[PDB]
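Everything on this sheet refers to the single structure shown next.
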Amino acid sequence: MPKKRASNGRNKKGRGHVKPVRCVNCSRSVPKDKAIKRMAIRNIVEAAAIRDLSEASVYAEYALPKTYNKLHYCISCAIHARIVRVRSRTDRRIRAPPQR
Amino acid sequence: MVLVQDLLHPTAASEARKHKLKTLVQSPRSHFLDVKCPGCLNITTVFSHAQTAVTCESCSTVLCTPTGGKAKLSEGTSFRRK
Amino acid sequence: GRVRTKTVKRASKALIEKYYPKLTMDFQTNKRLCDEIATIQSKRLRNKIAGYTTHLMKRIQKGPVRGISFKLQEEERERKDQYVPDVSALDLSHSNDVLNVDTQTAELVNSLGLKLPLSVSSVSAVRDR
Amino acid sequence: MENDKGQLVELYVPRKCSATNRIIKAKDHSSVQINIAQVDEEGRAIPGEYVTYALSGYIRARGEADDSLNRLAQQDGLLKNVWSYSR
Amino acid sequence: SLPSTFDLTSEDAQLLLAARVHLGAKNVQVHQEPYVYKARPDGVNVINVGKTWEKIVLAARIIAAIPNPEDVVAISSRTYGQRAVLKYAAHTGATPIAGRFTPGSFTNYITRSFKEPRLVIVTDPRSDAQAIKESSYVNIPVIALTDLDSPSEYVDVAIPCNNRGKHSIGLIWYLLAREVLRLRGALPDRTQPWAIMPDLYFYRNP
Amino acid sequence: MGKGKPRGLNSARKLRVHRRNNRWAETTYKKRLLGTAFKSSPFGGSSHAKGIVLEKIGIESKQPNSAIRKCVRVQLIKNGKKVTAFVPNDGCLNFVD
Amino acid sequence: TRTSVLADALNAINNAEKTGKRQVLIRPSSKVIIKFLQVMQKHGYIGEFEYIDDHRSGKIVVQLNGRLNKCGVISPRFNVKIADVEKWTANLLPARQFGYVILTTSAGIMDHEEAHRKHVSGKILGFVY
Amino acid sequence: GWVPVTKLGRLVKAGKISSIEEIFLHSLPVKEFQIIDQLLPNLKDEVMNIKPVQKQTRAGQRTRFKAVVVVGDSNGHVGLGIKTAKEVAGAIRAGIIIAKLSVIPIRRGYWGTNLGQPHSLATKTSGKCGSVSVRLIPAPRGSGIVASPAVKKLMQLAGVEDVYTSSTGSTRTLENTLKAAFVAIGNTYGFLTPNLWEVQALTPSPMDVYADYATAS
RNA sequence: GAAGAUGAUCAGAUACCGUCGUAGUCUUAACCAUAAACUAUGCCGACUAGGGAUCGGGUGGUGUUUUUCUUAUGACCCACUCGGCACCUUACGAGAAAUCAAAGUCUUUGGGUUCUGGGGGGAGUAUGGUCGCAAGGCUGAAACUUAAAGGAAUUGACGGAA
Ligand SMILES: [Mg+2]
Ligand SMILES: [Mg+2]
Ligand SMILES: [Mg+2]
Ligand SMILES: [Mg+2]
Ligand SMILES: [Mg+2]
Ligand SMILES: [Mg+2]
Ligand SMILES: [Mg+2]
Ligand SMILES: [Mg+2]
Ligand SMILES: [Mg+2]
Ligand SMILES: [Zn+2]
Ligand SMILES: [Zn+2]
């Protein structure tokens, strides 16, 4: 079997063997490089519920803060649902952040 | 840089750019800055990369602090070149 | 799915290339012309071709198209190209003053020519991208 | 090459590139003959008289080819100020 | 060898400057190009003008040296210079290619637009690249209008010029045409701005 | 890359040693050396051997072609070992007895 | 370490030739190297070459003619017993006719033909075809 | 039924290009096939092998036939043509055509001493294709074509009378081997000798000179 | 959370899933000496093609800002400089090809060295050595067997992949 990638787990190059991180969904030990680190910056309130909250609330403007979860996914787990998105051989080379 | 460089005589700019080693002939670009202290009227032939707390000929004035490369000339001190 | 077929389209194009004049917008006339011209065995096919031709004509009447630029069209283009709306003046003369060239540019000029009209800019390199 | 007493054997005696010397092969599909017309006083490019240059294909592929051509021209006397000796 | 007559006319130089043929190139810069004349600071390179002129002259000479005129295949994909190319073609009878090049034009002897040049001319070897490649399959010289970030692979006689574009490419084309005319043609003199105009060329208002 | 082997002008003994070492990967060579033919190989590393027909045995063939291959269980005279010899052509086994 | 300086130089030259350079810069610049260069020049494989005096070891520049094809160096300086010379030539050189096998010997650093003429062989250095 | 496309073809038809030597000199492409025939009437076309070759399909397989053809004479020209088509004869024809198009000259040199006419290669030349390196070492006289059968045949076609080979890697990939051999042959003209140190004039091409006769009216 | 209990599911399932959970996991004193200890790329050396960045040094910029007035440190900007954990094209160099700026300068075969491999299995076994508290390690066969074992990719077919 040939190399699919040059990088593979990616960040580990000239880095012996790094420390690991546990996945969110599976709790599989994944190296913090072969990791898939999506950043969930959700607002603390639900989109439609925001209005309701406003109606309820005291004060003006309000905090209306955002919850911050840097989620780590065990590759396989990510592939089941998450940002992964199985590419073509030629399309794998592209590292640019998608959409946008 | 391609095919026909004609390598004996470069433009001096190129030489300046390249490493003090990686030209035609080895030749350093460190200089004997002839420093004068504010105190006594006497000239110290201070090599620009001192590696030492450079005192004067006798008086404890402190001329140059040896930074890793070229020395910072301590306080308002005056100097000639080479 | 009333997508007029490829062959028909091709035929229409050919017709247009051949006989741009003698293809007046309206349909029956166009059909007749087609009949006179090309050896269409069918009737329906012929009709389709005529329709396509008419459509093409209509399109032309609102400006030109790709794959349809035969003779008359070229002439129309060509004339315009020859006698452009521009140029009054030269143009690209020394209309306003005597050329806002850079310092470097000026130097180059000096190196090359002897006496040229110049207006030496400051050359602000400027911060950020 | 030269059998017995002259008698030049081996035809197809090849075009050798101006820049490299490198032999231009029979199927060197990339190699090129540039023809530069001979100049005369006040306009005039003298019909049917050239400085002909051959460029090998390797050079062209590299992109060191244009520069080489320029150099050649300079050497000949078809240019001034273009190709310097030192860079 | 040379006539020592054509030393770049002052007017011509001025025109070039106006065009900003020589304020192009930017930060980006190719190791195969010593047509620069001092780097203007922060995202700029200034192009040597005399050298460019010389190159143009050489190109013109080369063109002249081709005997059969309907032969010098001019090319342009990118929109700014197509018009210029067309104009050039009109001036000096040599079937051009504005817009799409068609692959298998110089190879592939069945194609409707099967040209067979003995001298190719290009604007942007970054874009028309394909054309250059095609030419390289079948032994043709290539003239091209290099910005200092454009590749010069399978390129000869690379006229240096600003390929930000707009005025500059067109101007260059015009100059080339003029040169060609001078070297065997109607125009017998380097002087006189003459009945033509640069502004016949250039990109048009859509 | 100098490519493994020492290219020195006085590196000859080492080279020889290396070659010798390698020789023990080559199978035929190994066989020749150790006397596998002389120690095993029913025959005594010989072309032929006379042997006594202990019994006629039909052996079922490998695969693709399916048949019984009329072999003989032979006991070699010189060593005393027991082997199985195929018997060629039509019949032949009858002749052998 | 920098082993066989000469060899390195030769390699560099070869590389240059492959590239299509017109000239080479060589660092160490030995006596042997110089001799080799001279031999090459004599044969007709090399233009000018010039020894820079880095007030030190040396530093050569060689003008390549575009004539060199390979400029090889055989590794340990094998001891050649006159008859073996032929064998060596067969091994290295294309054709009985042309090319050389630069070998040092009592008389000096010379090609194979020269050595034969002399009636004097020795240890090989390199070759040129 | 002649009629040429290609300026070169037109020129040939006219009768101002005498032999293929000129073409070789100006490395002119020969996309048309008939030109070669016109030039060289002595083309012996020999089919080397034909592999059947199968793409695999939802139902069955697509049998085609990779016919290898070698073309020559005894002057010092060879062509190698490979084509894979379904009709066998057609495929063969195509291969032949390809070979003709290719047809490439060979520098035939002297074993050792000039004496007679040359019928070995000049220098030790080699080629490569996949994992086949065909190395052709020049022989002495009468010593024959010491080669793999296909290789030998190719040599014969070329007009090389005596030569040594050293075909290494997987020679039984016959087509590949042939290709390698061809490459090696080509490399003969390309290997610079001291015979060709002397500078040549650079002649004007027929395409430049006879430019009015070439091209359509 | 190997062991073990235990709750479902299936023709069954001491298997997942599920719940719990000794040994450990973690540590401290001894060993052991093995790994997909993998960049599945030995080391040293040289040379060959562009590009930007990026870390650590170090030069030059009447550059900018800091502001305690000139500042002087600091921190950038830009150019070059040497340095390790990193893209695109053509490859003429390579390579079976994926690919490779080295896996290049190799039938145009030789810069300097160490180590390893020689169809697959039998077998990392048998045996002996040796090393260990052990588990195991290093070392390491043959008999016998067999026409393929592999690699890379191509088209298919297929997939509780998208
Ligand atoms: Mg896989
Ligand atoms: Mg494996
Ligand atoms: Mg490190
Ligand atoms: Mg590690
Ligand atoms: Mg069966
Ligand atoms: Mg559990
Ligand atoms: Mg249960
Ligand atoms: Mg084995
Ligand atoms: Mg596989
Ligand atoms: Zn997971
Ligand atoms: Zn004092």
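Ordering of the structure tokens sets the chain letters (A, B, ...), residue numbers begin anew at 1 in every chain, and ligands are numbered from 1 in the order given.
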Practice item. List the neighbours of residue F:77 out to 9 Å using only C-alpha atoms (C1' of nucleotides); skip same-chain residues closer than 3 positions along the sequence, and give me the result as a ChimeraX atom specification. Key: /F:49-52,80-81
Kindly export the residues of the current selection with C-alpha atoms, as a PDB file, in the first residue's frame.
```pdb
ATOM      1  CA  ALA F  49      19.542 -45.722  -7.312  1.00  0.00           C
ATOM      2  CA  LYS F  50      18.386 -49.350  -7.440  1.00  0.00           C
ATOM      3  CA  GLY F  51      15.431 -50.039  -5.171  1.00  0.00           C
ATOM      4  CA  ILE F  52      13.031 -52.840  -4.276  1.00  0.00           C
ATOM      5  CA  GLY F  80      17.509 -48.323   3.184  1.00  0.00           C
ATOM      6  CA  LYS F  81      15.173 -45.320   2.777  1.00  0.00           C
TER       7      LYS F  81
END
```
As an NGL selection string, please: every residue in stretch 2-198 of chain E that a backbone DSSP assignment puts in helix (DSSP H, G or I). :E and (10-19 or 49-65 or 79-91 or 129-136 or 168-182 or 198)
| Distance filter 9 Å around ligand 7, atoms: only C-alpha atoms (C1' of nucleotides) and all ligand atoms, out as a PyMOL selection string | chain I and resi 6-8+13-14
### Task
Would you list the contacts of residue E:141 as an NGL selection string, taking every protein, DNA or RNA residue within 7 Å and counting only C-alpha atoms (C1' of nucleotides), but skipping same-chain residues closer than 2 positions in sequence?
(:D and (32 or 34)) or (:E and (118-120 or 139 or 143 or 156))
Selection above as a file: N, CA, C and O atoms, as a CSV table (one decimal), in the first residue's frame:
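Resulting contents of selection.csv:
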```
chain,number,residue,atom,x,y,z
D,32,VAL,N,14.6,25.1,-32.6
D,32,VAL,CA,14.1,26.1,-33.5
D,32,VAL,C,15.3,26.9,-34.2
D,32,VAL,O,16.3,27.2,-33.6
D,34,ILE,N,15.9,30.4,-35.5
D,34,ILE,CA,15.5,31.9,-35.5
D,34,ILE,C,16.3,32.5,-36.7
D,34,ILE,O,17.5,32.2,-36.9
E,118,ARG,N,5.3,29.9,-39.0
E,118,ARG,CA,6.8,29.9,-38.9
E,118,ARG,C,7.3,30.9,-37.9
E,118,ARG,O,8.5,31.2,-37.8
E,119,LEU,N,6.4,31.6,-37.2
E,119,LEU,CA,6.7,32.6,-36.1
E,119,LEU,C,5.4,32.9,-35.3
E,119,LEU,O,4.5,33.5,-35.9
E,120,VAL,N,5.4,32.5,-34.1
E,120,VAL,CA,4.3,32.7,-33.2
E,120,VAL,C,4.6,34.0,-32.4
E,120,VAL,O,5.7,34.3,-32.0
E,139,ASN,N,8.2,22.9,-33.6
E,139,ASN,CA,9.4,23.7,-34.1
E,139,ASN,C,9.0,25.1,-34.6
E,139,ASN,O,9.2,25.3,-35.8
E,143,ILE,N,7.6,34.7,-30.0
E,143,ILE,CA,7.8,36.1,-29.5
E,143,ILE,C,6.7,36.3,-28.4
E,143,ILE,O,5.6,35.8,-28.6
E,156,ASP,N,11.1,33.0,-26.9
E,156,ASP,CA,12.2,33.7,-27.4
E,156,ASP,C,11.9,35.2,-27.5
E,156,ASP,O,10.7,35.5,-27.5
```
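Considering only C-alpha atoms (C1' of nucleotides) and all ligand atoms, the residues that reside within 10 Å of ligand 4 can be listed as residues 12, 13, 14, 15, 16, 17 and 18 of chain A; 37, 38 and 39 of chain I.
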Find the residues in chain G near chain D: any atom within 10 Å counts, using only C-alpha atoms. Write them as number ranges by chain.
G: 17-22, 64-69
Create the file for the chosen residues now, containing N, CA and C atoms and written as an mmCIF file, in the first residue's frame.
```
data_model
loop_
_atom_site.group_PDB
_atom_site.id
_atom_site.type_symbol
_atom_site.label_atom_id
_atom_site.label_comp_id
_atom_site.auth_asym_id
_atom_site.auth_seq_id
_atom_site.Cartn_x
_atom_site.Cartn_y
_atom_site.Cartn_z
ATOM 1 N N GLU G 17 27.757 20.892 -17.322
ATOM 2 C CA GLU G 17 27.609 20.489 -18.715
ATOM 3 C C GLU G 17 26.161 20.079 -18.997
ATOM 4 N N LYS G 18 25.629 19.279 -18.079
ATOM 5 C CA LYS G 18 24.257 18.780 -18.159
ATOM 6 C C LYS G 18 23.275 19.947 -18.209
ATOM 7 N N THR G 19 23.513 20.904 -17.313
ATOM 8 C CA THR G 19 22.690 22.109 -17.210
ATOM 9 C C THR G 19 22.679 22.864 -18.534
ATOM 10 N N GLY G 20 23.846 22.971 -19.158
ATOM 11 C CA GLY G 20 24.047 23.851 -20.298
ATOM 12 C C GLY G 20 24.710 25.154 -19.886
ATOM 13 N N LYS G 21 25.408 25.152 -18.743
ATOM 14 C CA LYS G 21 26.255 26.274 -18.350
ATOM 15 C C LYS G 21 27.427 26.396 -19.321
ATOM 16 N N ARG G 22 27.921 27.620 -19.454
ATOM 17 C CA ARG G 22 29.117 27.915 -20.242
ATOM 18 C C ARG G 22 30.390 27.918 -19.393
ATOM 19 N N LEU G 64 33.513 26.062 -20.032
ATOM 20 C CA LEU G 64 32.995 24.918 -20.776
ATOM 21 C C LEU G 64 32.676 25.311 -22.219
ATOM 22 N N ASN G 65 33.056 24.431 -23.143
ATOM 23 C CA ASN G 65 32.911 24.646 -24.583
ATOM 24 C C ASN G 65 31.594 24.093 -25.137
ATOM 25 N N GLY G 66 30.904 23.274 -24.345
ATOM 26 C CA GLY G 66 29.761 22.499 -24.821
ATOM 27 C C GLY G 66 30.162 21.219 -25.539
ATOM 28 N N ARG G 67 31.434 20.840 -25.416
ATOM 29 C CA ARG G 67 31.991 19.669 -26.094
ATOM 30 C C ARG G 67 32.046 18.451 -25.179
ATOM 31 N N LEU G 68 32.400 18.663 -23.910
ATOM 32 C CA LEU G 68 32.350 17.598 -22.898
ATOM 33 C C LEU G 68 30.993 16.893 -22.884
ATOM 34 N N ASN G 69 31.046 15.581 -22.686
ATOM 35 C CA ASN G 69 29.857 14.723 -22.609
ATOM 36 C C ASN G 69 29.800 14.092 -21.223
#
```
Once you count only C-alpha atoms, what closest atom pair and distance in Å to one decimal does each residue of chain H within 10 Å of chain D have, with rows by chain and rising residue number, as JSON lines?
```
{"residue": "H:20", "atom": "CA", "partner": "D:12", "partner_atom": "CA", "distance": 8.7}
{"residue": "H:21", "atom": "CA", "partner": "D:12", "partner_atom": "CA", "distance": 5.1}
{"residue": "H:22", "atom": "CA", "partner": "D:12", "partner_atom": "CA", "distance": 6.9}
{"residue": "H:23", "atom": "CA", "partner": "D:26", "partner_atom": "CA", "distance": 7.7}
{"residue": "H:24", "atom": "CA", "partner": "D:26", "partner_atom": "CA", "distance": 4.4}
{"residue": "H:25", "atom": "CA", "partner": "D:12", "partner_atom": "CA", "distance": 5.5}
{"residue": "H:26", "atom": "CA", "partner": "D:26", "partner_atom": "CA", "distance": 7.4}
{"residue": "H:27", "atom": "CA", "partner": "D:26", "partner_atom": "CA", "distance": 4.7}
{"residue": "H:28", "atom": "CA", "partner": "D:27", "partner_atom": "CA", "distance": 7.6}
{"residue": "H:29", "atom": "CA", "partner": "D:29", "partner_atom": "CA", "distance": 7.4}
{"residue": "H:30", "atom": "CA", "partner": "D:27", "partner_atom": "CA", "distance": 9.8}
{"residue": "H:76", "atom": "CA", "partner": "D:10", "partner_atom": "CA", "distance": 9.1}
{"residue": "H:102", "atom": "CA", "partner": "D:27", "partner_atom": "CA", "distance": 8.3}
{"residue": "H:103", "atom": "CA", "partner": "D:27", "partner_atom": "CA", "distance": 9.4}
{"residue": "H:104", "atom": "CA", "partner": "D:26", "partner_atom": "CA", "distance": 6.8}
{"residue": "H:105", "atom": "CA", "partner": "D:26", "partner_atom": "CA", "distance": 7.3}
{"residue": "H:106", "atom": "CA", "partner": "D:10", "partner_atom": "CA", "distance": 8.6}
{"residue": "H:107", "atom": "CA", "partner": "D:10", "partner_atom": "CA", "distance": 6.3}
{"residue": "H:108", "atom": "CA", "partner": "D:10", "partner_atom": "CA", "distance": 7.0}
{"residue": "H:109", "atom": "CA", "partner": "D:1", "partner_atom": "CA", "distance": 6.8}
{"residue": "H:110", "atom": "CA", "partner": "D:1", "partner_atom": "CA", "distance": 8.3}
{"residue": "H:113", "atom": "CA", "partner": "D:3", "partner_atom": "CA", "distance": 9.0}
{"residue": "H:114", "atom": "CA", "partner": "D:3", "partner_atom": "CA", "distance": 5.3}
{"residue": "H:115", "atom": "CA", "partner": "D:4", "partner_atom": "CA", "distance": 5.5}
{"residue": "H:116", "atom": "CA", "partner": "D:3", "partner_atom": "CA", "distance": 6.9}
{"residue": "H:117", "atom": "CA", "partner": "D:3", "partner_atom": "CA", "distance": 7.0}
{"residue": "H:118", "atom": "CA", "partner": "D:9", "partner_atom": "CA", "distance": 8.1}
{"residue": "H:122", "atom": "CA", "partner": "D:1", "partner_atom": "CA", "distance": 9.2}
{"residue": "H:186", "atom": "CA", "partner": "D:25", "partner_atom": "CA", "distance": 8.0}
{"residue": "H:187", "atom": "CA", "partner": "D:25", "partner_atom": "CA", "distance": 8.5}
{"residue": "H:188", "atom": "CA", "partner": "D:25", "partner_atom": "CA", "distance": 9.6}
{"residue": "H:189", "atom": "CA", "partner": "D:25", "partner_atom": "CA", "distance": 6.4}
{"residue": "H:190", "atom": "CA", "partner": "D:23", "partner_atom": "CA", "distance": 5.3}
{"residue": "H:191", "atom": "CA", "partner": "D:23", "partner_atom": "CA", "distance": 7.6}
{"residue": "H:192", "atom": "CA", "partner": "D:23", "partner_atom": "CA", "distance": 6.9}
{"residue": "H:195", "atom": "CA", "partner": "D:1", "partner_atom": "CA", "distance": 7.3}
{"residue": "H:196", "atom": "CA", "partner": "D:13", "partner_atom": "CA", "distance": 8.2}
{"residue": "H:197", "atom": "CA", "partner": "D:21", "partner_atom": "CA", "distance": 8.9}
{"residue": "H:199", "atom": "CA", "partner": "D:16", "partner_atom": "CA", "distance": 8.0}
{"residue": "H:200", "atom": "CA", "partner": "D:15", "partner_atom": "CA", "distance": 7.2}
{"residue": "H:201", "atom": "CA", "partner": "D:15", "partner_atom": "CA", "distance": 8.6}
{"residue": "H:202", "atom": "CA", "partner": "D:15", "partner_atom": "CA", "distance": 6.4}
{"residue": "H:203", "atom": "CA", "partner": "D:52", "partner_atom": "CA", "distance": 8.3}
{"residue": "H:204", "atom": "CA", "partner": "D:52", "partner_atom": "CA", "distance": 7.9}
{"residue": "H:205", "atom": "CA", "partner": "D:33", "partner_atom": "CA", "distance": 8.6}
{"residue": "H:208", "atom": "CA", "partner": "D:35", "partner_atom": "CA", "distance": 9.5}
{"residue": "H:209", "atom": "CA", "partner": "D:48", "partner_atom": "CA", "distance": 9.2}
```
Please, what distance in Å, to one decimal, runs between atom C1' of residue I:72 and atom CA of residue B:71?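 Result for atom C1' of residue I:72 versus atom CA of residue B:71: 14.8 Å, one decimal.
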Give the residue list for ligand 11 at 10 Å, counting only C-alpha atoms (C1' of nucleotides) and all ligand atoms, as a PyMOL selection string, sorted by chain and then by residue number.
-> chain B and resi 37-44+55-61
Please, could you write that set of residues out with N, CA, C and O atoms as a PDB file, in the first residue's frame?
```pdb
ATOM      1  N   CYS B  37      36.649  58.125  23.787  1.00  0.00           N
ATOM      2  CA  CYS B  37      35.768  58.264  24.951  1.00  0.00           C
ATOM      3  C   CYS B  37      35.514  59.749  25.244  1.00  0.00           C
ATOM      4  O   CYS B  37      36.258  60.606  24.757  1.00  0.00           O
ATOM      5  N   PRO B  38      34.463  60.063  26.033  1.00  0.00           N
ATOM      6  CA  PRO B  38      34.250  61.456  26.455  1.00  0.00           C
ATOM      7  C   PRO B  38      35.327  62.010  27.403  1.00  0.00           C
ATOM      8  O   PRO B  38      35.561  63.220  27.412  1.00  0.00           O
ATOM      9  N   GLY B  39      35.960  61.135  28.186  1.00  0.00           N
ATOM     10  CA  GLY B  39      36.964  61.543  29.170  1.00  0.00           C
ATOM     11  C   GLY B  39      38.289  61.973  28.563  1.00  0.00           C
ATOM     12  O   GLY B  39      38.439  63.123  28.141  1.00  0.00           O
ATOM     13  N   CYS B  40      39.249  61.048  28.520  1.00  0.00           N
ATOM     14  CA  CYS B  40      40.606  61.350  28.053  1.00  0.00           C
ATOM     15  C   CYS B  40      40.672  61.461  26.530  1.00  0.00           C
ATOM     16  O   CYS B  40      39.967  60.744  25.815  1.00  0.00           O
ATOM     17  N   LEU B  41      41.525  62.366  26.048  1.00  0.00           N
ATOM     18  CA  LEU B  41      41.719  62.587  24.613  1.00  0.00           C
ATOM     19  C   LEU B  41      42.739  61.595  24.061  1.00  0.00           C
ATOM     20  O   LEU B  41      43.910  61.929  23.848  1.00  0.00           O
ATOM     21  N   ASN B  42      42.272  60.370  23.844  1.00  0.00           N
ATOM     22  CA  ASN B  42      43.091  59.291  23.298  1.00  0.00           C
ATOM     23  C   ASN B  42      42.194  58.295  22.567  1.00  0.00           C
ATOM     24  O   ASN B  42      41.054  58.059  22.977  1.00  0.00           O
ATOM     25  N   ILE B  43      42.729  57.707  21.501  1.00  0.00           N
ATOM     26  CA  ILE B  43      41.938  56.917  20.560  1.00  0.00           C
ATOM     27  C   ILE B  43      42.205  55.434  20.789  1.00  0.00           C
ATOM     28  O   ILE B  43      43.362  55.002  20.797  1.00  0.00           O
ATOM     29  N   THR B  44      41.131  54.669  20.972  1.00  0.00           N
ATOM     30  CA  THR B  44      41.212  53.219  21.145  1.00  0.00           C
ATOM     31  C   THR B  44      40.749  52.540  19.862  1.00  0.00           C
ATOM     32  O   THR B  44      39.622  52.754  19.421  1.00  0.00           O
ATOM     33  N   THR B  55      37.210  48.374  28.157  1.00  0.00           N
ATOM     34  CA  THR B  55      37.681  49.530  28.912  1.00  0.00           C
ATOM     35  C   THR B  55      38.550  50.398  28.007  1.00  0.00           C
ATOM     36  O   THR B  55      38.912  49.995  26.897  1.00  0.00           O
ATOM     37  N   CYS B  56      38.892  51.584  28.497  1.00  0.00           N
ATOM     38  CA  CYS B  56      39.872  52.441  27.833  1.00  0.00           C
ATOM     39  C   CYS B  56      41.278  51.853  28.025  1.00  0.00           C
ATOM     40  O   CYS B  56      41.430  50.725  28.506  1.00  0.00           O
ATOM     41  N   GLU B  57      42.303  52.610  27.637  1.00  0.00           N
ATOM     42  CA  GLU B  57      43.703  52.215  27.866  1.00  0.00           C
ATOM     43  C   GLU B  57      44.062  51.998  29.347  1.00  0.00           C
ATOM     44  O   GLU B  57      44.945  51.194  29.657  1.00  0.00           O
ATOM     45  N   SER B  58      43.378  52.716  30.240  1.00  0.00           N
ATOM     46  CA  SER B  58      43.608  52.616  31.688  1.00  0.00           C
ATOM     47  C   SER B  58      42.342  52.904  32.503  1.00  0.00           C
ATOM     48  O   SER B  58      41.930  52.081  33.325  1.00  0.00           O
ATOM     49  N   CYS B  59      41.751  54.078  32.280  1.00  0.00           N
ATOM     50  CA  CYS B  59      40.527  54.512  32.970  1.00  0.00           C
ATOM     51  C   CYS B  59      39.343  53.571  32.734  1.00  0.00           C
ATOM     52  O   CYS B  59      39.154  53.070  31.623  1.00  0.00           O
ATOM     53  N   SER B  60      38.553  53.348  33.785  1.00  0.00           N
ATOM     54  CA  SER B  60      37.376  52.476  33.726  1.00  0.00           C
ATOM     55  C   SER B  60      36.151  53.253  33.239  1.00  0.00           C
ATOM     56  O   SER B  60      35.269  53.611  34.025  1.00  0.00           O
ATOM     57  N   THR B  61      36.118  53.506  31.932  1.00  0.00           N
ATOM     58  CA  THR B  61      35.055  54.286  31.282  1.00  0.00           C
ATOM     59  C   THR B  61      33.953  53.425  30.650  1.00  0.00           C
ATOM     60  O   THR B  61      32.787  53.823  30.660  1.00  0.00           O
TER      61      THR B  61
END
```
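Neighbouring residues of ligand 5 at a cut-off of 9 Å, counting only C-alpha atoms (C1' of nucleotides) and all ligand atoms, are residues 63, 64, 65 and 66 of chain F.
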Which residues of chain E are close to chain D, meaning at most 6 Å apart when you count only C-alpha atoms, and how do they look as a short mmCIF file (atom, residue, chain, number, x, y, z; two decimals) with C-alpha atoms, in the first residue's frame?
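Output (selection_39.cif):
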```cif
data_model
loop_
_atom_site.label_atom_id
_atom_site.label_comp_id
_atom_site.auth_asym_id
_atom_site.auth_seq_id
_atom_site.Cartn_x
_atom_site.Cartn_y
_atom_site.Cartn_z
CA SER E 1 26.45 44.66 -37.48
CA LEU E 2 24.13 47.50 -36.33
CA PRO E 3 23.16 50.86 -37.88
CA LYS E 51 16.55 47.04 -23.29
CA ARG E 61 13.66 42.03 -37.45
CA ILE E 62 12.90 38.35 -36.89
CA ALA E 65 13.10 37.73 -41.88
CA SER E 136 6.92 23.68 -28.82
CA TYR E 137 5.47 20.37 -30.21
CA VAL E 138 6.24 21.45 -33.87
CA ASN E 139 9.37 23.71 -34.07
CA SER E 152 9.61 32.27 -20.40
CA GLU E 153 9.58 28.52 -21.07
CA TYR E 154 9.63 27.83 -24.84
CA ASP E 156 12.23 33.68 -27.38
CA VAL E 157 12.77 37.42 -27.86
CA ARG E 182 9.88 50.09 -40.68
CA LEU E 183 11.84 46.89 -41.39
CA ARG E 184 10.65 46.41 -45.01
CA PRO E 188 10.99 54.33 -44.67
#
```
